[PDB]
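work-v5.cif (mmCIF, N, CA and C atoms) appears below.
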```
data_model
#
loop_
_atom_site.label_atom_id
_atom_site.label_comp_id
_atom_site.auth_asym_id
_atom_site.auth_seq_id
_atom_site.Cartn_x
_atom_site.Cartn_y
_atom_site.Cartn_z
N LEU A 57 0.86 -1.17 0.00
CA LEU A 57 0.00 0.00 0.00
C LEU A 57 0.86 1.18 0.00
N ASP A 58 1.93 1.15 0.79
CA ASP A 58 2.81 2.28 0.80
C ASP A 58 3.52 2.36 -0.53
N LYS A 59 3.90 1.26 -1.13
CA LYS A 59 4.57 1.38 -2.42
C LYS A 59 3.66 2.04 -3.45
N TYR A 60 2.38 1.68 -3.45
CA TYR A 60 1.43 2.27 -4.39
C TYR A 60 1.00 3.68 -3.97
N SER A 61 0.87 3.89 -2.67
CA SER A 61 0.47 5.16 -2.10
C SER A 61 1.55 6.17 -2.37
N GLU A 62 2.80 5.73 -2.24
CA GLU A 62 3.94 6.57 -2.49
C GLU A 62 4.07 6.74 -3.98
N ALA A 63 3.99 5.66 -4.74
CA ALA A 63 4.06 5.81 -6.17
C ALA A 63 2.93 6.70 -6.62
N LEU A 64 1.77 6.61 -5.96
CA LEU A 64 0.63 7.42 -6.25
C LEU A 64 0.83 8.84 -5.86
N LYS A 65 1.33 9.13 -4.66
CA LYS A 65 1.48 10.53 -4.31
C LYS A 65 2.51 11.13 -5.23
N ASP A 66 3.46 10.31 -5.69
CA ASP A 66 4.48 10.78 -6.57
C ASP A 66 3.89 10.93 -7.95
N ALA A 67 3.04 10.01 -8.39
CA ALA A 67 2.42 10.17 -9.69
C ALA A 67 1.54 11.40 -9.66
N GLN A 68 0.88 11.65 -8.53
CA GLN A 68 0.00 12.77 -8.31
C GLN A 68 0.78 14.07 -8.20
N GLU A 69 1.95 14.03 -7.57
CA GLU A 69 2.76 15.22 -7.47
C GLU A 69 3.36 15.51 -8.82
N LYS A 70 3.78 14.46 -9.53
CA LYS A 70 4.32 14.57 -10.85
C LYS A 70 3.22 15.05 -11.76
N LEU A 71 1.99 14.59 -11.52
CA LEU A 71 0.82 15.00 -12.25
C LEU A 71 0.50 16.43 -12.00
N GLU A 72 0.55 16.87 -10.75
CA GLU A 72 0.25 18.25 -10.48
C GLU A 72 1.36 19.08 -11.08
N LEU A 73 2.59 18.61 -10.98
CA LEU A 73 3.69 19.32 -11.54
C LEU A 73 3.62 19.36 -13.03
N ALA A 74 3.31 18.23 -13.69
CA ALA A 74 3.20 18.13 -15.13
C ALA A 74 2.01 18.92 -15.59
N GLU A 75 0.97 18.96 -14.75
CA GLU A 75 -0.19 19.74 -15.07
C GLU A 75 0.26 21.17 -15.01
N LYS A 76 1.11 21.52 -14.05
CA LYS A 76 1.64 22.85 -13.98
C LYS A 76 2.69 23.07 -15.06
N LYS A 77 3.41 22.05 -15.49
CA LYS A 77 4.34 22.29 -16.56
C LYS A 77 3.50 22.69 -17.74
N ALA A 78 2.38 21.98 -17.91
CA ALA A 78 1.43 22.24 -18.96
C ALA A 78 0.66 23.52 -18.74
N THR A 79 0.33 23.86 -17.50
CA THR A 79 -0.43 25.07 -17.16
C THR A 79 0.45 26.26 -17.37
N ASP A 80 1.72 26.14 -17.02
CA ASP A 80 2.66 27.21 -17.19
C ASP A 80 3.01 27.27 -18.65
N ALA A 81 3.21 26.11 -19.28
CA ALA A 81 3.45 26.07 -20.71
C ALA A 81 2.20 26.58 -21.38
N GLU A 82 1.04 26.29 -20.80
CA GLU A 82 -0.18 26.79 -21.37
C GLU A 82 -0.26 28.27 -21.14
N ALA A 83 0.14 28.75 -19.97
CA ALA A 83 0.10 30.17 -19.71
C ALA A 83 1.02 30.88 -20.67
N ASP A 84 2.14 30.25 -20.99
CA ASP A 84 3.13 30.79 -21.88
C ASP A 84 2.66 30.70 -23.30
N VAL A 85 2.01 29.61 -23.68
CA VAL A 85 1.57 29.56 -25.04
C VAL A 85 0.39 30.48 -25.15
N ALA A 86 -0.42 30.58 -24.10
CA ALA A 86 -1.56 31.46 -24.08
C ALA A 86 -1.08 32.88 -24.17
N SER A 87 0.03 33.20 -23.50
CA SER A 87 0.60 34.53 -23.57
C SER A 87 1.04 34.74 -24.99
N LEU A 88 1.69 33.73 -25.54
CA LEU A 88 2.12 33.75 -26.90
C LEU A 88 0.95 33.78 -27.84
N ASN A 89 -0.12 33.07 -27.55
CA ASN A 89 -1.26 33.10 -28.43
C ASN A 89 -1.82 34.49 -28.41
N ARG A 90 -1.83 35.13 -27.26
CA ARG A 90 -2.30 36.49 -27.22
C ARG A 90 -1.35 37.35 -28.03
N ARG A 91 -0.05 37.11 -27.92
CA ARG A 91 0.92 37.84 -28.70
C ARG A 91 0.79 37.53 -30.17
N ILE A 92 0.44 36.31 -30.57
CA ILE A 92 0.40 36.09 -32.00
C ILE A 92 -0.84 36.76 -32.47
N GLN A 93 -1.91 36.70 -31.70
CA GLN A 93 -3.12 37.33 -32.14
C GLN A 93 -2.95 38.82 -32.25
N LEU A 94 -2.25 39.43 -31.30
CA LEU A 94 -2.05 40.86 -31.31
C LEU A 94 -1.01 41.31 -32.30
N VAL A 95 0.06 40.53 -32.42
CA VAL A 95 1.13 40.88 -33.31
C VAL A 95 0.75 40.57 -34.70
N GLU A 96 0.18 39.40 -34.94
CA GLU A 96 -0.29 39.01 -36.25
C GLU A 96 -1.41 39.96 -36.61
N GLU A 97 -2.24 40.37 -35.65
CA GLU A 97 -3.24 41.33 -36.03
C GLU A 97 -2.54 42.58 -36.48
N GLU A 98 -1.48 43.01 -35.78
CA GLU A 98 -0.73 44.15 -36.25
C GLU A 98 0.00 43.84 -37.54
N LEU A 99 0.43 42.61 -37.76
CA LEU A 99 1.10 42.23 -38.99
C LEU A 99 0.16 42.53 -40.10
N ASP A 100 -1.08 42.10 -39.92
CA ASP A 100 -2.12 42.30 -40.90
C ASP A 100 -2.56 43.73 -40.96
N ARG A 101 -2.55 44.43 -39.84
CA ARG A 101 -2.92 45.82 -39.86
C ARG A 101 -1.79 46.59 -40.48
N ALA A 102 -0.56 46.19 -40.21
CA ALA A 102 0.59 46.85 -40.78
C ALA A 102 0.63 46.53 -42.24
N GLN A 103 0.24 45.30 -42.59
CA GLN A 103 0.21 44.86 -43.96
C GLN A 103 -0.92 45.55 -44.67
N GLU A 104 -2.02 45.81 -43.98
CA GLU A 104 -3.15 46.51 -44.54
C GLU A 104 -2.83 47.98 -44.65
N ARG A 105 -2.13 48.51 -43.65
CA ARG A 105 -1.73 49.91 -43.66
C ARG A 105 -0.75 50.02 -44.82
N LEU A 106 0.09 49.00 -44.96
CA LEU A 106 1.03 48.93 -46.04
C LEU A 106 0.31 48.84 -47.33
N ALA A 107 -0.67 47.95 -47.44
CA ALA A 107 -1.38 47.86 -48.67
C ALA A 107 -2.00 49.19 -48.96
N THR A 108 -2.49 49.86 -47.93
CA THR A 108 -3.09 51.15 -48.08
C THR A 108 -2.05 52.14 -48.55
N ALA A 109 -0.87 52.15 -47.93
CA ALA A 109 0.19 53.06 -48.30
C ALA A 109 0.65 52.80 -49.71
N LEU A 110 0.67 51.53 -50.12
CA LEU A 110 1.08 51.12 -51.44
C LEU A 110 0.04 51.44 -52.47
N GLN A 111 -1.23 51.30 -52.12
CA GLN A 111 -2.31 51.64 -53.01
C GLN A 111 -2.33 53.13 -53.16
N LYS A 112 -2.09 53.83 -52.05
CA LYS A 112 -2.01 55.27 -52.07
C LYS A 112 -0.80 55.66 -52.84
N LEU A 113 0.28 54.88 -52.73
CA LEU A 113 1.48 55.14 -53.48
C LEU A 113 1.20 54.98 -54.94
N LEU B 57 -4.83 -1.63 -1.76
CA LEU B 57 -3.68 -1.75 -2.65
C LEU B 57 -4.15 -1.41 -4.06
N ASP B 58 -5.35 -1.87 -4.39
CA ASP B 58 -5.94 -1.60 -5.66
C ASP B 58 -6.44 -0.18 -5.67
N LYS B 59 -6.97 0.34 -4.58
CA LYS B 59 -7.40 1.72 -4.66
C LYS B 59 -6.22 2.60 -5.03
N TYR B 60 -5.05 2.32 -4.45
CA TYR B 60 -3.86 3.09 -4.74
C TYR B 60 -3.25 2.74 -6.07
N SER B 61 -3.30 1.46 -6.46
CA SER B 61 -2.74 0.95 -7.70
C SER B 61 -3.53 1.50 -8.85
N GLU B 62 -4.84 1.56 -8.67
CA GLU B 62 -5.74 2.08 -9.66
C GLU B 62 -5.59 3.58 -9.66
N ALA B 63 -5.56 4.18 -8.48
CA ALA B 63 -5.37 5.60 -8.44
C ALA B 63 -4.05 5.92 -9.08
N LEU B 64 -3.06 5.04 -8.91
CA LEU B 64 -1.75 5.17 -9.50
C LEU B 64 -1.75 4.93 -10.96
N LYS B 65 -2.39 3.89 -11.47
CA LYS B 65 -2.30 3.74 -12.90
C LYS B 65 -2.95 4.94 -13.52
N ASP B 66 -3.96 5.50 -12.85
CA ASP B 66 -4.63 6.64 -13.37
C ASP B 66 -3.81 7.88 -13.14
N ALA B 67 -3.18 8.04 -11.99
CA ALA B 67 -2.37 9.23 -11.75
C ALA B 67 -1.18 9.21 -12.65
N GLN B 68 -0.64 8.02 -12.87
CA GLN B 68 0.51 7.80 -13.69
C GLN B 68 0.15 8.00 -15.13
N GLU B 69 -1.01 7.53 -15.57
CA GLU B 69 -1.39 7.74 -16.95
C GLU B 69 -1.72 9.20 -17.13
N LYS B 70 -2.39 9.79 -16.14
CA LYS B 70 -2.70 11.19 -16.20
C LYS B 70 -1.40 11.94 -16.24
N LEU B 71 -0.38 11.46 -15.53
CA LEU B 71 0.92 12.08 -15.58
C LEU B 71 1.46 11.91 -16.97
N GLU B 72 1.39 10.73 -17.56
CA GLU B 72 1.99 10.62 -18.88
C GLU B 72 1.27 11.56 -19.82
N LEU B 73 -0.03 11.72 -19.63
CA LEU B 73 -0.85 12.60 -20.42
C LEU B 73 -0.66 14.06 -20.06
N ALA B 74 -0.33 14.37 -18.80
CA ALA B 74 -0.10 15.74 -18.36
C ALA B 74 1.27 16.15 -18.80
N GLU B 75 2.16 15.17 -18.84
CA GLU B 75 3.51 15.35 -19.28
C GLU B 75 3.42 15.50 -20.77
N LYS B 76 2.54 14.71 -21.41
CA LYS B 76 2.33 14.85 -22.83
C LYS B 76 1.70 16.18 -23.08
N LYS B 77 0.71 16.56 -22.28
CA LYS B 77 0.10 17.85 -22.47
C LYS B 77 1.13 18.91 -22.27
N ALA B 78 2.03 18.74 -21.30
CA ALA B 78 3.09 19.69 -21.06
C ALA B 78 4.03 19.71 -22.23
N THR B 79 4.27 18.54 -22.81
CA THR B 79 5.15 18.40 -23.95
C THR B 79 4.55 19.11 -25.12
N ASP B 80 3.25 18.94 -25.31
CA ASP B 80 2.53 19.54 -26.40
C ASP B 80 2.32 21.00 -26.11
N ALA B 81 2.04 21.36 -24.86
CA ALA B 81 1.82 22.74 -24.51
C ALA B 81 3.11 23.47 -24.70
N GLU B 82 4.22 22.83 -24.32
CA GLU B 82 5.55 23.38 -24.46
C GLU B 82 5.95 23.36 -25.92
N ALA B 83 5.55 22.32 -26.66
CA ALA B 83 5.84 22.25 -28.07
C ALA B 83 5.12 23.39 -28.73
N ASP B 84 3.93 23.70 -28.22
CA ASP B 84 3.15 24.79 -28.70
C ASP B 84 3.75 26.07 -28.16
N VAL B 85 4.33 26.09 -26.97
CA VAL B 85 4.95 27.33 -26.53
C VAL B 85 6.06 27.62 -27.49
N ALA B 86 6.88 26.63 -27.79
CA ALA B 86 8.00 26.77 -28.69
C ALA B 86 7.60 27.01 -30.13
N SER B 87 6.53 26.35 -30.60
CA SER B 87 6.08 26.50 -31.97
C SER B 87 5.41 27.83 -32.13
N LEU B 88 4.73 28.27 -31.08
CA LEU B 88 4.12 29.55 -31.14
C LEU B 88 5.19 30.56 -30.92
N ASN B 89 6.17 30.32 -30.05
CA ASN B 89 7.17 31.34 -29.84
C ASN B 89 7.82 31.56 -31.16
N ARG B 90 8.08 30.49 -31.90
CA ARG B 90 8.58 30.62 -33.23
C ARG B 90 7.62 31.44 -34.06
N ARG B 91 6.33 31.09 -34.07
CA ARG B 91 5.34 31.82 -34.85
C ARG B 91 5.13 33.24 -34.39
N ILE B 92 5.19 33.51 -33.09
CA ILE B 92 4.98 34.85 -32.57
C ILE B 92 6.13 35.64 -33.05
N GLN B 93 7.32 35.08 -32.95
CA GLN B 93 8.50 35.76 -33.40
C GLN B 93 8.42 35.95 -34.89
N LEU B 94 7.88 34.97 -35.62
CA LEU B 94 7.76 35.15 -37.05
C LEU B 94 6.79 36.24 -37.37
N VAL B 95 5.68 36.35 -36.62
CA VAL B 95 4.77 37.44 -36.90
C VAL B 95 5.37 38.74 -36.41
N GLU B 96 6.17 38.74 -35.34
CA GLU B 96 6.83 39.97 -34.90
C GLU B 96 7.84 40.41 -35.91
N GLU B 97 8.58 39.47 -36.50
CA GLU B 97 9.56 39.80 -37.51
C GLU B 97 8.87 40.24 -38.77
N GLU B 98 7.79 39.56 -39.13
CA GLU B 98 7.05 39.92 -40.31
C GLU B 98 6.36 41.24 -40.05
N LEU B 99 5.92 41.48 -38.82
CA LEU B 99 5.34 42.75 -38.45
C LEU B 99 6.37 43.83 -38.56
N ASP B 100 7.58 43.60 -38.05
CA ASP B 100 8.58 44.63 -38.18
C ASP B 100 8.79 44.86 -39.65
N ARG B 101 8.80 43.80 -40.46
CA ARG B 101 8.97 43.96 -41.89
C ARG B 101 7.80 44.70 -42.51
N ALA B 102 6.56 44.43 -42.08
CA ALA B 102 5.40 45.12 -42.60
C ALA B 102 5.48 46.59 -42.22
N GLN B 103 5.97 46.88 -41.01
CA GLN B 103 6.15 48.23 -40.49
C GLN B 103 7.27 48.95 -41.21
N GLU B 104 8.34 48.23 -41.56
CA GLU B 104 9.46 48.79 -42.30
C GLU B 104 9.04 49.04 -43.73
N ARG B 105 8.27 48.10 -44.29
CA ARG B 105 7.75 48.22 -45.62
C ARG B 105 6.74 49.34 -45.62
N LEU B 106 5.99 49.49 -44.52
CA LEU B 106 5.03 50.56 -44.36
C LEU B 106 5.76 51.86 -44.26
N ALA B 107 6.81 51.95 -43.45
CA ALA B 107 7.54 53.19 -43.37
C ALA B 107 8.09 53.54 -44.73
N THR B 108 8.52 52.51 -45.48
CA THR B 108 9.05 52.67 -46.81
C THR B 108 7.96 53.11 -47.78
N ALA B 109 6.79 52.47 -47.73
CA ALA B 109 5.68 52.79 -48.59
C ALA B 109 5.19 54.18 -48.29
N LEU B 110 5.23 54.57 -47.02
CA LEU B 110 4.81 55.88 -46.58
C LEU B 110 5.83 56.90 -46.99
N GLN B 111 7.12 56.56 -46.93
CA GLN B 111 8.11 57.51 -47.39
C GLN B 111 8.00 57.64 -48.90
N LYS B 112 7.76 56.53 -49.60
CA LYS B 112 7.59 56.55 -51.03
C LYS B 112 6.32 57.27 -51.37
N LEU B 113 5.29 57.11 -50.53
CA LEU B 113 4.04 57.79 -50.71
C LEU B 113 4.28 59.25 -50.57
#
```
Full structure transcribed into structure tokens:
Amino acid sequence: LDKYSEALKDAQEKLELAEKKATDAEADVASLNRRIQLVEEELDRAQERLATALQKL
Amino acid sequence: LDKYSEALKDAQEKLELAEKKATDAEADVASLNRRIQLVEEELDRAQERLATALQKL
């Protein structure tokens, strides 16, 4: 029981940690997703501003 | 023993899956970091092209 309980608390700690590796990686990708959405939106707005500047050109 | 063994196979599988999720979340952090950087670089390029188009304008 202790071998499984220990393996379990460790699987659970590893799980909480891995969940946090994922949660933090998720927070980071989410931060990045917000950045890609904002930057890519600016890429497109800059590209649109550019298209506008070029069309105006 | 089974409550813990079962909780363990599940905590352990959840760990492999949380670790996988972390792997994928991190793969996505890295793939997005690459993409965010690509949109930031392309944005800087759109902005440089915009400054250029605007100067040409």
Over all C-alpha pairs taken in order, what is the RMSD once chain A has been least-squares superposed onto chain B? 1.5 Å
Here's the selection I'm unsure about, the PyMOL selection byres ((chain A and name CA) within 8 of (chain B and name CA)); applied to the file above, which residues does it give, as a PyMOL selection string? chain A and resi 57+60-61+63-64+67-68+70-71+74-79+81-82+84-85+88-89+91-92+95-96+98-100+102-103+105-106+109-110+112-113
Taking all atoms of segment 59-76 of chain A that the file lists, what box with edges along x, y and z, padded by 8 Å per side, do you get, with centre and edge lengths in Å to one decimal, as lines of an AutoDock Vina configuration file?
```
center_x = 2.2
center_y = 12.2
center_z = -8.4
size_x = 20.8
size_y = 37.8
size_z = 30.5
```
